[PDB]
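Chemist: experimental structure and sequence below.
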Amino acid sequence: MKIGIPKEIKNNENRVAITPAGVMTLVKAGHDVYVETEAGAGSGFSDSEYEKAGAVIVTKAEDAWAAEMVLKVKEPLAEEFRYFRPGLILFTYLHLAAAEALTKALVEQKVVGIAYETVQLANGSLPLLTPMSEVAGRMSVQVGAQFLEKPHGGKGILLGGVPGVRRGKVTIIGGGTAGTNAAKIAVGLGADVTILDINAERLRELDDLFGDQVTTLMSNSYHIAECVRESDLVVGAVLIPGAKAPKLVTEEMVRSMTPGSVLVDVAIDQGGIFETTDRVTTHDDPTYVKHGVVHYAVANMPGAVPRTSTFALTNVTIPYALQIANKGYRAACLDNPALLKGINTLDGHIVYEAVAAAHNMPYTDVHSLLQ
Amino acid sequence: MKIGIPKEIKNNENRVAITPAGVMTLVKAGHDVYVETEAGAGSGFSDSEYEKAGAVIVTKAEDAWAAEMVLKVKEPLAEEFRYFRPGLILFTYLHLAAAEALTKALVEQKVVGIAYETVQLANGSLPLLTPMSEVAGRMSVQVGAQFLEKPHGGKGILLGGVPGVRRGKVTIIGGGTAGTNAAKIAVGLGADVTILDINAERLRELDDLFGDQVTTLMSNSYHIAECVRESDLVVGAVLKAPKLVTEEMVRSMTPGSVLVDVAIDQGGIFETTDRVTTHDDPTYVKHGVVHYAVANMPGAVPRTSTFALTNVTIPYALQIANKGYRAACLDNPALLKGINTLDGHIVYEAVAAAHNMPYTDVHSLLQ
Amino acid sequence: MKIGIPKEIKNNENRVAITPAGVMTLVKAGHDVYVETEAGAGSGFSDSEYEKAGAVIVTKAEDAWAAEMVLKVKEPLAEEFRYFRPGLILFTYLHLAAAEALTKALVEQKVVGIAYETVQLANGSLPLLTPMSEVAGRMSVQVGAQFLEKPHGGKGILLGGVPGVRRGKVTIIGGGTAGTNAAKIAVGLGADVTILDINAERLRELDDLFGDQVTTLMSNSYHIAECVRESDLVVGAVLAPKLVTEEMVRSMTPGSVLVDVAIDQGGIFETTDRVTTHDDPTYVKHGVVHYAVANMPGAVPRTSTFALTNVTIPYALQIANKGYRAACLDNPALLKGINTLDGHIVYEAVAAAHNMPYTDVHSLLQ
Amino acid sequence: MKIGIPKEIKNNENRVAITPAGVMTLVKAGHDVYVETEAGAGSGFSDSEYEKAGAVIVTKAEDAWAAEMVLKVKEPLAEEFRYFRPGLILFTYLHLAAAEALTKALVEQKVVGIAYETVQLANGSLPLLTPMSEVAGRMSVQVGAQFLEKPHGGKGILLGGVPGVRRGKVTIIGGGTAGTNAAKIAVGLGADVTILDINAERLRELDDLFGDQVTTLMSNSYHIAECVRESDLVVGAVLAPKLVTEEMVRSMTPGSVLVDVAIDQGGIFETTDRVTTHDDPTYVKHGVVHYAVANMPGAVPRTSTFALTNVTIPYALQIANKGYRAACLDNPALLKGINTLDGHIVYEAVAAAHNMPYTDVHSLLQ
Ligand SMILES: NC(=O)c1ccc[n+]([C@@H]2O[C@H](COP(=O)([O-])OP(=O)(O)OC[C@H]3O[C@@H](n4cnc5c(N)ncnc54)[C@H](O)[C@@H]3O)[C@@H](O)[C@H]2O)c1
Ligand SMILES: NC(=O)c1ccc[n+]([C@@H]2O[C@H](COP(=O)([O-])OP(=O)(O)OC[C@H]3O[C@@H](n4cnc5c(N)ncnc54)[C@H](O)[C@@H]3O)[C@@H](O)[C@H]2O)c1
Ligand SMILES: NC(=O)c1ccc[n+]([C@@H]2O[C@H](COP(=O)([O-])OP(=O)(O)OC[C@H]3O[C@@H](n4cnc5c(N)ncnc54)[C@H](O)[C@@H]3O)[C@@H](O)[C@H]2O)c1
Ligand SMILES: NC(=O)c1ccc[n+]([C@@H]2O[C@H](COP(=O)([O-])OP(=O)(O)OC[C@H]3O[C@@H](n4cnc5c(N)ncnc54)[C@H](O)[C@@H]3O)[C@@H](O)[C@H]2O)c1
């Protein structure tokens, strides 16, 4: 197959959908790989690294979009709908559910739209989201430590203190992928770390992973209120895999906090777990203050570490791209029930039930269209 | 003794030379303690907490300086020379060898000028500087990781990577207090960490402290070049520091790599650091490499730094209060090395030599 | 039941199919246990330790094979065919797909041939192969360290260096049983350790298990090329594709070392054209030391004997308590051990391999 | 100053007295550095890496020895005496108490003979011996592990066992540099580790350094007897009394292994009557494998070269910058390195050993 990778145009998106490594994998299995000039530059991948891995650097966005399969990171924007052909394979984060101009255009132009965030294994996990939760978790406590400094608005402490000086107190609410990764960094910076979860089995796994390095605590509104009161930093790391994030930290809890404490709501991309998070912050404008407490709620924390973020995402997308390339999108999706759950749009139909259901649009079961 | 702690007035100085706990130590020993209103605000110590520990809050700087002994963090500014007077005991970071005007004013007003940073134990250690090298070391890698992010001008990596993704490389040049404390934080963030030192015995001690968590490496120009070339972050942690990292080495680094120097207000080890920045505008780029050039990293964590400093300064201050400066220094040879100015003389050789001013033997004045 | 353990007679085979602790389990459950004199000597178990645990020591191999069930480690050699007889239960590593003459002798003599290596749990795992994978993994890096010494042909480094001196770099390809166990020894000897696996979930589990002691890296030909170029030691622990090409070995520094856990199974190195023995253990290609000695668990026969017999004797106990038929109908994993029964090959792959008739084992056991 | 590094010519000596990094230090301080072609090949340093660091490669040993200061690892052999000349500075391991012919040649030719091994800090430590003690310690347990494998004569265990299988037991006698470094490798290979020392303060420091990873035990003939009887591996790391008697070795299980870091210095084992080489490395007494190969750092020449040159070249730099006289009057540790000067033996022990006149070094340097 002819495989195309255009540069990300969405503002300050420094991630790309392939590395020299993933180029070399597709080239060696017999595919043609075209990379838009400068696509890797945001992540430190020069055009000459991509070239020596076997890829053709094309001058123009349309020459990458030309290819049978387009690999991207972000949603195609207004300006990119144009490039949609019939039987174009598009593989990227789509979140069609609240993107109606995108969904009509992939319906109308008969693009095969394959979504990173709906590829799903039999145990129900989303392998293609996990890496971004890992990056966001590791970032959460690094960001927390920065905001604890007096210059950024915090009370002016190191999480680890120093000899003869008390350590900062970190509460992580949610003990899954994001929270576990956040706890690793909070332990490593020398914080006194409490992790809360509702799942007693996850608490036992965290106790096996961390031992005496953390305290595991059963999550309930009382325990959350007690931890928040005494916290220098609270990391929000809850997912209810369908829903909006539950509001676990109340205004009354935030008001119980000491001035210059910090909240980082990893869970903001689902609405966030803090009642007091009234809006989404940006890397440019990361924080506001309410009740003397610094609030950080950046979506795309992993956007801050695009080189790490790109490796982690393409480590697990390119193996699914190789299947589509090697066997055509059809044989590969019949062969791989997890890839199949990726098809969001096919031959003008909206084959994913929840996206048709949220745009008031027709839903055609995907299996009937494939046989 | 009547003891005074004014607010630090230097720009964005948020540390303070006493905490409520130190107030309690001095009040219980029978001393009167006067704290200037808001002196602890920048470190999160309220007037009310100081008052509850036994302090009198005074409204005016002048009323804290009126005390027999004044404790501070920074050197008095020109606008504070007015408070100097014969027999005033001043105990603070003075750095008199760099400050001709302050030296002359302490001499002219016959101030007992005691420098935190020249208090020196029999083994050569400077115990009132150590806590600030510890904070600076812990901060160096936190700041370096922050500048590694794409938004702050770096190449955009986590030092610890994530599963399936390689870690960042950290080179720490210097395995003393600052460097050891930097290595702790670099290990904790998940970096591949190399520590260079010239002293074989310190590398053996570091091997005992860290084992497999780091690689210890003998310092020479070749090994420094080799580590710098492949580093994402380099931390300068050597005690006027030699220029160990050359322009050629910085130019060998990948773009969006980061350099941080603990020693930057003493020149630092990097040829390419032409100036000191502030928290407002903290970095510049040379050869695509981020140069974090903020001096006084401990000042970014004033509460931790205030606890770290006052943990070791207040016991000395307590000796001066109980016994008077004279018996305290005659009883404590480490505290005696703290005396820089006394009764209109410079008694610290290096300060006399720095300004070509007369030197006086400290023991001869104390008798 | 009467249970016999002959001495292993393959050249330099020093493992044994039971220890005194396994004798004790079988004798306390009421079985008669016969051990050939010297059977355990190669693994440091005296005739006397077997006797005190309740075994009868027999002077001749014949008398151990005359038992109703024979426990062994390796496959019977040609000169052991003479001991086969209708209704003999033989429980050992058989590898019949590779052994036509052995397969035909088990058919003709109507032996119940139970293969350690086809006993298989519901989850697909081979619990009687696992312990040799663990031992080979642990051994792989110990051998690598040895071959990095100059007098053995290596560049002459310690993996952990010394204070002021850089560490060796160890790349482990495959994060399963063997590769995880290799990583434990690489970490403990003080190497800089990278483990590659194609499976993102395994990389996460490895991160949970090792944290900062190793780097986990997604496997692909590019990551492999980059790791191999920098490596002092590469351990192949994949289960067998040629992941490490000749160009990759050529990129290496002279006196680097390659070890495959997978050697008699082909291995992952294009440049390992043949297998060697302990008296001429390595060859050099492009200045790189290729360690090619099969069966590294054979070099620690006492450890390997304990690790194998720990998990074999519970299955033997079932056969002895119930007889093979009810043991197999009660234990689906043990049922999959049966390769030959009443003159039939009951394991499809083995039948295929020799162009012989296959019979469904369930039909014969009824 | 002009500084020469000949190739070591003692049989199988693969270490070298400088690396490219040491060349670079000496050339940047303005010295001329001459390296004999192949000097570094045995430690993986090409003529080319030396040239890029600023050395001149010389075809003949003669041309390296013609330098004003000669850096070596080992003592000059008889056939190297011809290179000696009045005022030559030779900095190397000399061991003159053991080498009459070498001592007489250094006197007669008026060589400034500076011994790496008599450089001594104010605290009594020998900073240029320490790194070989570290390397030998790390090597001792790696060798022990190798000799516990059956094909090398051992009982056939892994030190760390495997899951469900007991670990090997390692006794380290002496908790100094070598014995501490041995303990690190014993712990990392997964051994049960006991370290004995007569010094209670060292046992506390060892407890601080290892905590629950080892047991610390006060040394006395009873504790030694009990540890040795149970040991799979005993590492002698004492600095040389016969702490391990023949009765103690006789109490051991067959295929156990003894390694002394101290072997060419006598060692602590009554039963090690002689030293061996890598081609016949062990002998067996009372079924116990005695490893008797001298100079284990010689087996990792690259690691050992880095570890030695890390601490030797700073002293060489001083000699080259100031000349030997002012370097020694400025550096009391380096002063103690001087063994021969202007036709005098200036190190009492060496004079004593050969019944020769002693001269006070301070009197000659004035
Ligand atoms: N752009 C970004 O910044 C970015 C990118 C990707 C993912 N993430 C986010 O990381 C956040 C967490 O996701 P994850 O992958 O760790 O989810 P996860 O499913 O792996 O773990 C979430 C945990 O929350 C626990 N939980 C549920 N209700 C709880 C309660 N009341 N109290 C405490 N714990 C509770 C669950 O038991 C589970 O262990 C999500 O919002 C996810 O979107 C953010
Ligand atoms: N606010 C602050 O940042 C702050 C406060 C106090 C002191 N300091 C500064 O911290 C710096 C260093 O602090 P420390 O506590 O680590 O010092 P330290 O005195 O404990 O030791 C410095 C280490 O560097 C090593 N060293 C010397 N030369 C070297 C070389 N050429 N290559 C490699 N290693 C070499 C020494 O052997 C030593 O182990 C000093 O420059 C001092 O001025 C900073
Ligand atoms: N005599 C003996 O030495 C002996 C005895 C028994 C087993 N073994 C050997 O053990 C070896 C494997 O042992 P195991 O139990 O650890 O295997 P395993 O199946 O437990 O693990 C294999 C791992 O390799 C990974 N993998 C697959 N393809 C890969 C690629 N291209 N790159 C990187 N990783 C990849 C898998 O995801 C898996 O985690 C086999 O080769 C087998 O022959 C040897
Ligand atoms: N070529 C080489 O292999 C090489 C090179 C240099 C040094 N070395 C060797 O290293 C060996 C020792 O090295 P080190 O630097 O570790 O020594 P060290 O002096 O640092 O430590 C010796 C330790 O043994 C202890 N000790 C004394 N008597 C004891 C007894 N009866 N039982 C138990 N402990 C006792 C001491 O308290 C001390 O802690 C020497 O024997 C020396 O020959 C070898």
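Modeler: Received the coordinates, thanks. Residues are numbered from 1 along each chain as shown, chains lettered A, B, ... in the order given. Ligands and ions are numbered 1, 2, ... in the order given.
Chemist: show me the helices in the stretch 151-300 of chain A, by range?
Modeler: Along the stretch 151-300 of chain A, the stretches classed as helices by DSSP state H, counting those that start in this stretch are A:177-188, A:200-210, A:221-230, A:251-255.
Chemist: hmm, I typed the wrong one, I wanted the stretch 1-150 of chain A.
Modeler: Using DSSP H, counting those that start in this stretch, the helices of the stretch 1-150 of chain A run over A:20-28, A:47-52, A:61-65, A:78-81, A:100-108, A:130-148.
Chemist: the second one and chain B in contact?
Modeler: If I follow you right, that is helix A:47-52. No - residues of helix A:47-52 are not located near chain B by CB under 8 Å from any CB of the partner chain, the shortest gap being 12.1 Å. The way it works is simple: take the backbone N, C-alpha and C, and place the C-beta from them, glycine included.
Chemist: and that helix, what does it pack onto?
Modeler: Other helices and strands packing on helix A:47-52, by 3 or more CB pairs under 8 Å, 6 or more residues apart in numbering or on different chains; DSSP states H and E, are helix A:20-28, strand A:56-58.
Chemist: against the centre of chain A, work out the most remote residue.
Modeler: The outermost residue of chain A relative to its centre, with distances by CA atoms, centre = their mean, is residue A:164 at 39.2 Å.
Chemist: pull the contacting residues for the residue in the stretch 201-350 of chain A positioned nearest to chain C.
Modeler: Nearest residue of the stretch 201-350 of chain A to chain C: residue A:315, at 4.0 Å (CB to the nearest CB). Shown in contact with residue A:315 (CB atoms under 8 Å, 6 or more residues apart in numbering or on different chains): A:131, B:164, B:165, C:200, C:218.
Chemist: how big is the angle separating the helix or strand harbouring it from helix A:130-148?
Modeler: Taking DSSP states H and E as the criterion, residue A:315 maps to helix A:306-335. For helix A:306-335 against helix A:130-148, the angle by axes from the mean of the first three to the mean of the last three CA atoms, to 10 degrees is 160 degrees.
Chemist: and stretch A:284-296 with ligand 1, contact?
Modeler: No - Stretch A:284-296 stays clear of ligand 1 (CB under 6 Å from any ligand atom), getting no nearer than 10.7 Å.
Chemist: flag every buried residue along that stretch.
Modeler: Buried positions in stretch A:284-296, judged by neighbour count with 16 or more other CB atoms under 10 Å in any protein chain shown: A:286, A:287, A:288, A:290, A:293, A:294, A:295, A:296.
Chemist: from the residues you listed, which land in strands?
Modeler: A:287, A:288, A:290, A:293, A:294, A:295, A:296 (DSSP state E).
Chemist: of those residues, which is the nearest to ligand 2?
Modeler: Relative to ligand 2, the closest of those is residue A:294; by CB to the nearest ligand atom it sits at 24.5 Å.
Chemist: bridged to residue A:290, which residues?
Modeler: Listed by DSSP bridges, the beta-bridge partners for residue A:290 are residue A:293.
Chemist: can stretch A:184-200 be found next to ligand 1?
Modeler: Yes - looking at stretch A:184-200 against ligand 1 by CB under 6 Å from any ligand atom, the contacts come from A:196, A:197, A:198, A:199.
Chemist: how close does the closest residue to the last one other than its chain neighbours sit to chain D?
Modeler: By that I understand residue A:199. Ranked by CB to CB, 6 or more residues apart in numbering or on different chains and with sequence neighbours excluded, the top spatial neighbour of residue A:199 is residue A:175, at 7.3 Å. Note on residue A:175: its distance to chain D, by CB to the nearest CB, to the nearest Å, is 28 Å.
Chemist: for whatever residue of the stretch 251-371 of chain A ends up closest to ligand 3, what are its contacts?
Modeler: Of the residues in the stretch 251-371 of chain A, the one nearest ligand 3 is residue A:319, at a distance of 11.1 Å by CB to the nearest ligand atom. By CB under 8 Å, 6+ apart, residue A:319 lies in contact with residue C:198.
Chemist: ditto for residue A:120
Modeler: Residues near residue A:120 by CB under 8 Å, 6+ apart: A:126, A:127, A:338, A:341.
Chemist: dump those to TSV, plus distance to chain B and neighbour count.
Modeler: Converted to TSV, the contacts of residue A:120 look like this (distance: CB to the nearest CB, whole Å; neighbours: other CB atoms under 10 Å in any protein chain shown):
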residue	distance to chain B	neighbour count
A:126	16	17
A:127	12	17
A:338	18	17
A:341	22	17
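Chemist: farthest-apart pair in those, please.
Modeler: Pairwise distances across these peak at 11.0 Å for A:127 and A:341 (criterion: CB to CB).
Chemist: now do the shared contacts for the two.
Modeler: Residues touching both residue A:127 and residue A:341 by CB under 8 Å, 6+ apart: A:119, A:120.
Chemist: mind listing the residues bridging to residue A:112?
Modeler: Beta-bridge pairing of residue A:112 under DSSP bridges involves residue A:89.
Chemist: how is chain A carved up into domains?
Modeler: Following curated CATH domains, one gets these domains for chain A: A:1-128+A:306-371, A:129-305.
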